[PDB]
Each structure stands twice: as C-alpha cells, then as structure tokens.
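Novice: Protein chains in written order, with PDB author numbering: chain E, 106 to 141; chain C, 1 to 440; chain D, 1 to 42, 45 to 245, 248, 250 to 275, 286 to 360, 369 to 441.
Ideal Cβ positions, reconstructed from N, Cα and C, are used throughout, including at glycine.
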Amino acid sequence: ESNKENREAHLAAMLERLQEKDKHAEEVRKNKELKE
Amino acid sequence: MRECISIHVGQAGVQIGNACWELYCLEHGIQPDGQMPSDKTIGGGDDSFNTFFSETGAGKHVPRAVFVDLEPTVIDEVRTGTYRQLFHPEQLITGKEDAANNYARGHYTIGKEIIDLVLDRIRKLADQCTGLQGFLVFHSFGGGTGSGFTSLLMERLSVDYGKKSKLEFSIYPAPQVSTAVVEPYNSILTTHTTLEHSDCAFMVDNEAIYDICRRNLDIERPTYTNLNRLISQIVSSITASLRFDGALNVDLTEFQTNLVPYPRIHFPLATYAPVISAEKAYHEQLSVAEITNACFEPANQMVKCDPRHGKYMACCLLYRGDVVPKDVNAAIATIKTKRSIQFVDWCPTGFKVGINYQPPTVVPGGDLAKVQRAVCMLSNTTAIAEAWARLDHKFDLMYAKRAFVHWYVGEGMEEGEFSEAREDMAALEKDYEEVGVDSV
Amino acid sequence: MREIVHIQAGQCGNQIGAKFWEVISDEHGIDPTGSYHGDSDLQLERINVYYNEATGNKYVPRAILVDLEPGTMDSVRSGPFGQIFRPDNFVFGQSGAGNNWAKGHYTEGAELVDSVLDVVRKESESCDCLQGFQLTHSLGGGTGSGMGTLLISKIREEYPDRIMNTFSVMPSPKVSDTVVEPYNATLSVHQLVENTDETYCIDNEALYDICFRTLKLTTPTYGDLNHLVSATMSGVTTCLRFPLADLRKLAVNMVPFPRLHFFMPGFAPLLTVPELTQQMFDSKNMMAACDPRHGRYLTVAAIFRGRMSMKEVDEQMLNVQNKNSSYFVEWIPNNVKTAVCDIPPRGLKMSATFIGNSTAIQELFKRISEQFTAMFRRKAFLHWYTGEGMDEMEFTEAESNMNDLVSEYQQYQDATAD
Ligand SMILES: COc1cc([C@@H]2c3cc4c(cc3[C@H](Sc3nnc[nH]3)[C@@H]3COC(=O)[C@H]23)OCO4)cc(OC)c1OC
Ligand SMILES: Nc1nc2c(ncn2[C@@H]2O[C@H](COP(=O)(O)OP(=O)(O)OP(=O)(O)O)[C@@H](O)[C@H]2O)c(=O)[nH]1
Ligand SMILES: Nc1nc2c(ncn2[C@@H]2O[C@H](COP(=O)(O)OP(=O)(O)O)[C@@H](O)[C@H]2O)c(=O)[nH]1
Ligand SMILES: [Ca+2]
Ligand SMILES: [Mg+2]
Ligand SMILES: [Mg+2]
Ligand SMILES: [Mg+2]
Ligand code: NA
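See below:
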C-alpha cells in the first residue's frame, strides 16, 4: 500500500509539472494576442 | 509423499532450471516426452523419483515445477525447446514486461500483476502432493525479477504455506558474466527481504563457476550453457538424496539439521569435484581420496572466500557413485591431518557422510567428463560472510552518492528500505563474527 | 514484442531519420518495398522492435515523420525507401518555423501537434508492449528543436511511464545554418534535461572535425556528416534490434542521477580487437566534441560487432579500464559493460560502438552556453522570440538550468569514494 501511494504520488507530481507547462504555453499565446 | 516443488524465477532461475530438469531426466531414464520405460507403475507411485516428478495416466513424468519470468522470451525457449513436452503449458508463466534490472519493479510495479497467478499455479501443484515437504527456489540476486519478484514470492509462500521449508539456489553476481550496475542494490534488498522466509540458501558465485570452467574444462569464455551445466551437477548432488534411495543414503533434511545452527546462519558453502574434461578423464580414474581432497581446495568452491580464515560449524560430504564408507573414512583421516579445518568450540568436529550409489551423468555432447564417483561438500563456515562483505562494499560505494537510487524511488520505494536492508546485512556480518568467537 | 515508436521532426531530424531507416532496413534484410529478403533468422527475431508486420508479409517502420514544411518530407518520400513508410504517418504543416524555437514550441508547432499525437496514439495502441519513443531532431533549428521538445512533453503526459530517448544534433558554427542557434539549442536543452530519459548528443562540431581531420574531406557535406550519424545510430541500437537490451535497462544502467542523461557516442573504425578498443575510447572517435581525458566516466556501454574472440574483447576492455582507472569513478563499481553481436555493419568486418556517460560532456554545454551568453548579454535577436509571446526570464531560466547541468557534471567529476 505504501509503495502504491508513493508511486502514484510521483506520477501525479510529474503530470502536475507537465500541466503547469501547458498553462505557461497558454499565457505565452495570450501574451502574443496582447501585443497585436 | 515427501514431494518437493521447484520454482524457477527470472532468466537465471529459468535457464538453470532447464539444465537441472534435463539432467534429472537423464539420471532417471526419462525421455523428452516424459515417458520412463523403467517405471512399471503407470500413473502413480511412491518411488524416490516421485518426490520430483508426478505421473499422468498416459505414462508422462511431469516435473513438480513452475517457471516464472516477467518477460516471455526465455520461457518461450522452454515452450519450444527439446523438453517442451515435459511441461504442462500452465507450469510456464510469463508476463510481457520484465523488471528492467530493478528490484522495485520485480517486487512491486510489475511483479504485483502476476503474483496471484503464480501462487494459483503453485497451489495446483501442491494439491497433487500427498505429503509436500517444501520448495526449492532458483533465482539470481542481481536481476530485477530474480531479486524483486523472488522476495515477493517468498513472502507470499510464508503466508500461504506457513513454515513449510523453502530452500534457495541463489546466483551471486560476478562482473565477468554480464551484470547490471545496480546488482549490488538488488542483491542486498532481496537478501534482506528473503532472510526470514528462507530456511537454507545455497549461494552460487558466477565468478567461481566461471573460473572452474576456464581452469578445469579449458573453456576460454564460458557461456551460460557452460555455467548452468556445472551448476546443475551441484544441484543434482544436493537433491540426489531426495530422488534416489539406498542403504547409505542420507536425506538432505538430516544434513540441514547440522548445517543451520541459528535461523539466520543458513548459507552453506558448496564445493564440488571432480570437474574434468573428457580428454583428461580418459585413462585417469579419480579415487575417493582424490575427489575428497579436491573439496578442500578453495578453487573448487561455489563461492569465492577463504575458509582457512574462518571457522567451521559443520561439514557434510555428499558422495555419489562407486564409493564405500571404508574409502571415505580413510580419505577423511588423511584430510584431517593435512588441512586447516578449525571448528568453532561449541560444535562437534565430525564430518557427516552420505553416499548415493547411482553414478553421476552428464549431458551428451557437453564439456563435463562422465566420472564414476563425485562428491559435493556442504560446510557451514563463517568465511562465507566474505561474500556479503564484498557485496555490501559495492552497495556502500554507490549508496553514499545515492547513484541510481532515483530508479527505485520512482517505482515507489523509499530510501528507508535501503538503509534498513543495509543495516540487516551489517547485523548479518556481525552475526557471523559472533558465532565464530570462542566460548567464555 | 517490446515495440519502439520512432519520431523524426524537422529537416535534420527527418534526414538522419531517413538514413537510419535505410541502414537498419539493409541490416534486417528489408527492401524499399517492405519485403524481407534476408538470409539469417537473426534478422527477424526482434524485427518487431522497430517494424510493424502488415498484409503481404510486408514490414513497415514504426515511424512518424513530422515537419512544419513539406520540403524535406517530400524528399524523403522520393528517396530510397521512401515508399516503405506508412503514408498516413507523414504529418506536415505549411508555414514552417523559420529556425525559431518559439515558433516550433508555442505557435506554429502547437497547432500541428495534436495531429501528430493522433498518429502516435494509433501506433502506440497496436503495440503489444511499448518500450517508449525515440526522436531524431536537431537543436539549432526551429521545428525539430521547438516542436520536438513540445512533442516530448505532450507525449510524456499520455505515456508518463514510458522511456523517452532522443538523438539530438547539437549546432556548430563550423556547420552553422543561422545565428540564433545558441538560443534554440539552449531553450531545447532546458526541456531535454527535464523530459527525456536518455539523449545521445550528436555534435555537428565533432562530425565536422571527424570528416575534415580523419576522413580527409575538405568540404564536408551533410551527406558526409550523416554517414557518421547513421553508423553511430546503427551501433547504439544494435542491442535493441538483435537477439543481452531495451530502453529502460539502458537508462537504469547508464543514468545514476536523472538529469545526467546526455551520452557521448563513439565509433570505430572511422583491424584487431586491441586496435579497435583503443580507437573506440579515443577522443578523435567521439561523436561529441568533448575530450574524455578532460572528465571522468560515470558509465560506459560498448558493442562489438563482427566475428571476433570474445575472450580478447574481455581482456582488452579490462585492459583499458585498469590502465586508465583514474578516469572511471570509483563509487560506481563495474561501470563498464560490453556486448558482442555476431552481425557486422554493412561494409565492415568488425566495428565498435561506444556509449559513454562522461562528465566531460560539460565541454559541449559550456560551448553552447558561451555562444548563448554572448548574444543574450546584448539582447541580440530577442524580438524574434518575444514576438511570439516569450519573455526574457525564460531565456534567463533556460541558461541557468544549462549552467546547473554543467555544475552538476562537475560536482560528480570531483566526488570521491572516501
Ligand atoms: C541498448 O544498448 C545497450 C545497453 C546496455 C545497458 C547497460 C549499460 C551500461 C551498464 C549496464 C547495462 C546493462 S548490462 C546487464 N547484463 N545483465 C544485466 N544487465 C543493461 C543490459 O541491457 C541493456 O540495454 C543495459 O553499465 C554501464 O552502462 C548495454 C549495452 O552493451 C553493453 C548496449 O550497448 C548498445
Ligand atoms: N549462472 C547463470 N547466471 C545468469 C544466467 N542468466 C542470468 N544470469 C545472471 O543473473 C543476473 C541478472 O539477472 P537475470 O536472471 O538475468 O534477470 P531477471 O531475473 O530476468 O530480471 P530482469 O530481466 O531485470 O527482469 C546477472 O548476474 C547475470 O549474470 C544464467 O543462465 N546462469
Ligand atoms: N548532422 C546533420 N545536421 C543537420 C542536418 N540538417 C540540418 N542540420 C543542422 O540542424 C540545424 C538546423 O536545424 P533544421 O533541422 O535544419 O531546422 P528545422 O527543420 O526547423 O528543425 C543546423 O545546426 C544544421 O547544421 C543533417 O542532415 N545532418
Ligand atoms: Ca590422459
Ligand atoms: Mg530478465
Ligand atoms: Mg534548416
Ligand atoms: Mg546496441
Ligand atoms: Na510410477
């Protein structure tokens, strides 16, 4: 059970970092709208 | 009655299993289709070889064995190999994704997907037994499956079979024969986890076997096939008392009484002789005295260590072939006046002898010469801790930098398991020191 | 049945991708029409790692070709083996990237990416058990570098537990296409450090110097460079493709710390086993412009191919370690592994390929970092990138990360056992 929680939490952290990259890529394209 | 079930885990365990079961068939006169013409009781019986083989009504003699690996390609060669007909398809179990040299994946991520199936197949074998004696588990220390899945299996076997005996044949890693860099981690982890679940474990140092093949058989670079044929001869020597009977035969369980003075001190040192090429065996007959003498030569040990620098707590000689006790006793009398055989002060110094009369066989077209008599010595010497020291040192080198530890943490493990396993090894090494110290 | 999915992105990625497929197709006995005409069952035993089996007993590369321009990809369809690729696996835009990482990563590349991921998913779902992915691409351009790292990240969201392996061509002024290459490379390294498991550093400066100095080629073309790339790529994939290796076992044994996953590949010859071993470890044979005598080896893998004494391979591999032990970190015991494959590459009786994790790879990243810092100190050419939505802190972030990488390789180079 401990091993299952640990590994799941590592995957969750990984996907959360990847989804923060998605947010930043939207702020970048929105930031391009605001200079056109 | 007295059945033993063999379990072969990962590539090492499976390939050694191939070699062992081939050798058993040759020793017993069982053909590759499983027919045994000498066996007149069709479909059953209580013969000595029935401890290792069940029988179908169609005359087939079937290994009491399960082969398990988390990838398919090594067991597939069994499924398609010479002895494919020996085994029922259900005895050969494979996953699709191996453990990638990672204990954590063998014990947890991948292993947990197949452990229930493996246990269900073992239960199917156990149910055919009238008096199951225990398990023989074959595996490497170093692979992800051999280390991690084996520990999981052993833990589960203790739950499902209580204190029913479990013996291991464990392949100890050597750089010569291929080897992942993380094998010291896998070795300590599996040794720590299995320690309380195993009753007796025969370590086999791949470097020892490699050296014996190069030196005695004159093979420049031994293959796995070379190593495993030699290993199967040692396994066969050790299990011969289970599979044959005779007036001078002594059951492995009686040796085990002598070999295990404390639960954790359960790692006997095996030595085997003689190992000789056909060219050298021709016109040379090795006597009882000659082969006995060879057991006390360190070059013939299954594990590299120096017993001259430790103390004995037991010495067992398992003879097979043309050997009578008179020649044994003389040979031992000679040995005891010419060798460094120092016992601990709390244990008797006799050698325990058994003789199995059925002579040794070899695989036709192999490199081992057929001899008329052979011997395997099993001793319990504090010197075997040198093997743990060597492995603990490689562990410590890597662990102090946490090298590769992220591959195990990524699979859900914690550093806490590393230090707890390493501390258990440190206590094991101290256990071996304490038992060798003279009594007050 | 441990499938790899291959992705080639951009001009460089597609050109070396196409050579790679020609080279290993020849090795496995596959012709441009996809039919097997080989002479050894060892060519087909693991063919499924890289190829799909189709109707008519045809074999199709499990490959995906990606570019923001039709140019290179039309050349691929025309060249040799052009019609062995699955036509639905071509995914091309129209606008191009302009050698602008931000265009490949955020803008143009971002609205082509979803259609690439549809092909990735189709290829992955027919896989009995996917190992992971390998991407070929350059870091100096815009499509392979910017959209390639975008693909890596997006694939990591759907396959977080699969291996990501890249062949990443590093830019050199000796072959320089543009001037902003140190920007595109540094932004790309930033992503690679975080989102790949293993990266072969194919350094155009090494390839140039090899072609010029050793091969005696006064005007090296991309054809001459790529010939080195293809032989290297064939060499480092040998153990994946013939019946000891897979991508995860490779990463487990080569990568002691997750960020230190940039490998220096080596090849010989550019003939006896001692001679071959010697040349494989020589700085002149490195596919990355780094001198291994200026750092220390964390891990090493060597593949010998051809019929030769394995006892002599063992003795010479032990020889080069014992005589150079100071160059191998003591706290990773037994850190050099050797494999032998009977089947030589085309045109050689024997060959040696080298995969090294050396702390000397820092010389590569330090060269890029100085070319980056020289332009960023004067804010040169930044408008190309802020013009797509980026801000300077992302440059400041990317270069700090790459300097941290250098510091980390240095920290382990300097670390001792006692
Ligand atoms: C796919 O490419 C290779 C990878 C490895 C690599 C690999 C790479 C290594 C390493 C170990 C190991 C291990 S070796 C092993 N043998 N038994 C269990 N594990 C494993 C095995 O399979 C592997 O794939 C691992 O130490 C330093 O670098 C090695 C190679 O050749 C030596 C190959 O060279 C091309
Ligand atoms: N004596 C002997 N050793 C072997 C054999 N096969 C592998 N080994 C050794 O076993 C260790 C590696 O473990 P393996 O059994 O191959 O690995 P595994 O159990 O299949 O684990 P994974 O492949 O990681 O899932 C190394 O020390 C190898 O040298 C063999 O047939 N005979
Ligand atoms: N080795 C090699 N390098 C290349 C090749 N084509 C382009 N390059 C290099 O790749 C970089 C340019 O990236 P490129 O792939 O052409 O741009 P992209 O199409 O936007 O990805 C420059 O550093 C070129 O030197 C090739 O076929 N082989
Ligand atoms: Ca003779
Ligand atoms: Mg395996
Ligand atoms: Mg270009
Ligand atoms: Mg390879
Ligand atoms: Na019978």
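Please determine, among D:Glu411, D:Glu422, D:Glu330, the residue with the shortest C-alpha to C-alpha distance to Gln176 (chain C).
Specialist: It is D:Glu330 whose Cα lies nearest to the Cα of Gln176 (chain C).
Novice: For residue 444 (chain D) and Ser97 (chain D), what's the separation of their Cα atoms in angstroms?
Specialist: Nothing about residue 444 (chain D) can be read from this structure; chain D reaches only from 1 to 441.
Novice: Rounding to the nearest angstrom, what Cα-Cα distance links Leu23 (chain C) and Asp345 (chain C) in this structure?
Specialist: If you take the alpha carbons of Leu23 (chain C) and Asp345 (chain C), they lie about 40 Å apart.
Novice: In chain order, what are the residues with a CB under 5 Å from some non-hydrogen atom of ligand 7?
Specialist: Qualifying residues come out as D:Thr240, D:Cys241, D:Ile318.
Novice: Per DSSP, what kind of secondary structure is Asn249 (chain C) in: helix, strand or coil?
Specialist: Coil at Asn249 (chain C), not helix or strand.
Novice: With a cut-off of 8 Å, does the C-beta of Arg158 (chain D) fall near any C-beta of chain C?
Specialist: Chain C, which has no Cβ nearer than 8 Å to the Cβ of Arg158 (chain D), makes this no.
Novice: For a minimum of 3 consecutive residues, which ranges assigned as the beta strand (DSSP E) are wholly contained in the region 112–179 of chain D?
Specialist: If we require 3 residues or more, the beta strand (DSSP E) runs fully inside the region 112–179 of chain D come out as 134–140, 165–172.
Novice: By how many angstroms is the C-alpha of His107 (chain C) removed from the C-alpha of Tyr53 (chain D)?
Specialist: Taking the straight line from one Cα to the other gives about 32 Å.
Novice: Which residue from D:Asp179, D:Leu141, D:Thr33, D:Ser236 puts its Cα closest to that of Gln193 (chain D)?
Specialist: If we check each option's Cα against that of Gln193 (chain D), D:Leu141 comes out closest.
Novice: Run through chain D and tell me which residues come within less than 7 Å of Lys401 (chain C), C-beta to C-beta.
Specialist: Neighbours of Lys401 (chain C) on chain D, chain order: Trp346, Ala438.
Novice: Helix, strand or coil for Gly111 (chain C)? Go by DSSP, reduced to three states.
Specialist: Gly111 (chain C): helix per DSSP, three-state reduction.
Novice: If contacts are defined as beta-carbon pairs under 8 Å, then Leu70 (chain C) and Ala99 (chain C) qualify, I think. What distance do you get, rounded to the angstrom?
Specialist: Yes, they are in contact, since the Cβ atoms of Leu70 (chain C) and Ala99 (chain C) sit about 6 Å apart, within 8 Å.
Novice: Determine the chain C residues that contact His115 (chain E) at a beta-carbon separation under 8 Å, and present them in chain order.
Specialist: Per Cβ cutoff of 8 Å: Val409, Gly410, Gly412.
Novice: Going by the CB atoms, is the gap between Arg264 (chain D) and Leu428 (chain D) shorter than 8 Å?
Specialist: Result yes, Cβ atoms of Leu428 (chain D) and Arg264 (chain D) sit closer than 8 Å.
Novice: For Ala112 (chain D), decide whether its Cβ has a neighbour in chain E, counting only Cβ atoms nearer than 8 Å.
Specialist: So yes, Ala112 (chain D) belongs to the interface.
Novice: Let me check you understand the geometry: is the CB of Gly95 (chain D) closer than 7 Å to at least one non-hydrogen atom of ligand 6?
Specialist: No, the beta carbon of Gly95 (chain D) sits no closer than 7 Å to any heavy atom of ligand 6.
Novice: Among all the DSSP beta bridges, which residues are the ones paired with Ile204 (chain D)?
Specialist: D:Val171, per the DSSP bridge assignment.
Novice: With distances taken between CB atoms, is the gap from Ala387 (chain C) to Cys305 (chain C) smaller than 8 Å?
Specialist: Yes.
Novice: Is it buried or exposed, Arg400 (chain D), if we count other Cβ atoms within 10 angstroms and call 16 or more buried?
Specialist: Exposed, since its Cβ has fewer than 16 Cβ neighbours within 10 Å.
Novice: Report yes if the C-beta of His283 (chain C) is less than 7 Å from at least one heavy atom of ligand 4; otherwise report no.
Specialist: Flag set: Cβ of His283 (chain C) near ligand 4.
Novice: Out of D:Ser236, D:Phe83, D:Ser341, D:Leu313, which has the shortest C-alpha to C-alpha gap to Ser374 (chain D)?
Specialist: Of D:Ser236, D:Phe83, D:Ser341, D:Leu313, the residue nearest in Cα terms is D:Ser236.
Novice: Is any heavy atom of ligand 1 found at a distance shorter than 7 Å from the C-beta of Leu255 (chain D)?
Specialist: For ligand 1, at least one heavy atom lies less than 7 Å from the Cβ of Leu255 (chain D).
Novice: Mapping DSSP to helix, strand and coil, what is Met203 (chain C)?
Specialist: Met203 (chain C): strand per DSSP, three-state reduction.
Novice: Might you give, ordered along the chain, the residues of its own chain that have their beta carbon closer than 8 Å to the beta carbon of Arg48 (chain D), omitting 5 neighbours on each side?
Specialist: The answer, listed in chain order, is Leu242, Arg243, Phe244, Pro245.
Novice: Could you tell me if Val182 (chain D) is buried or exposed, where buried requires 16 or more neighbouring beta carbons within 10 angstroms of its beta carbon?
Specialist: It counts as buried.
Novice: Is the region 281–295 of chain C close to the region 320–331 of chain C, with three or more CB pairs under 8 Å?
Specialist: Result yes; three or more Cβ-Cβ pairs closer than 8 Å.
Novice: Taking 8 Å as the threshold (C-beta atoms), are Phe377 (chain D) and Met295 (chain D) in contact?
Specialist: Going by C-beta atoms, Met295 (chain D) is nearer than 8 Å to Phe377 (chain D).
Novice: Between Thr145 (chain D) and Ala99 (chain D), is the Cβ-Cβ spacing less than 8 Å?
Specialist: Yes, these two residues count as a Cβ contact at 8 Å.
Novice: Just to confirm my understanding: we take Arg339 (chain C), look at its own chain, exclude 5 residues before and 5 after, and list those with CB closer than 6 Å. What are they?
Specialist: Contacts found: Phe296.
Novice: Leaving out the 5 sequence neighbours to the left and right, which residues in its chain are closer than 8 Å to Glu411 (chain D) when beta-carbon positions are compared?
Specialist: Within the same chain, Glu411 (chain D) has close Cβ partners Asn102, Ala104, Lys105, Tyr108, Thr109.
Novice: Pull up the distance between the alpha-carbon of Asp120 (chain C) and that of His6 (chain D), whole angstroms please.
Specialist: Roughly 39 Å separates the two Cα atoms.
Novice: List the endpoints of the continuous alpha helix (DSSP H) containing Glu110 (chain E).
Specialist: Looking at the DSSP string, the run of the alpha helix (DSSP H) that includes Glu110 (chain E) is 107–138.
Novice: What first and last residue would you give for the alpha helix (DSSP H) that runs through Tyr408 (chain D)?
Specialist: First-last of the alpha helix (DSSP H) with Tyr408 (chain D): 406–409.
Novice: Heavy atom of ligand 6 less than 7 Å from the Cβ of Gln294 (chain D), yes or no?
Specialist: No, the beta carbon of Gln294 (chain D) sits no closer than 7 Å to any heavy atom of ligand 6.
Novice: Between C:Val323, C:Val66, C:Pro307, C:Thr337, which lies nearest to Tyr432 (chain C) when the distance is taken from Cα to Cα?
Specialist: With distances taken between Cα atoms, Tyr432 (chain C) lies closest to C:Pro307.
Novice: Contact defined as beta carbons within less than 8 Å: I believe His139 (chain C) pairs with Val9 (chain C). What is the distance between those atoms, to the nearest angstrom?
Specialist: The pair is a contact, with the Cβ atoms about 4 Å apart (cut-off 8 Å).
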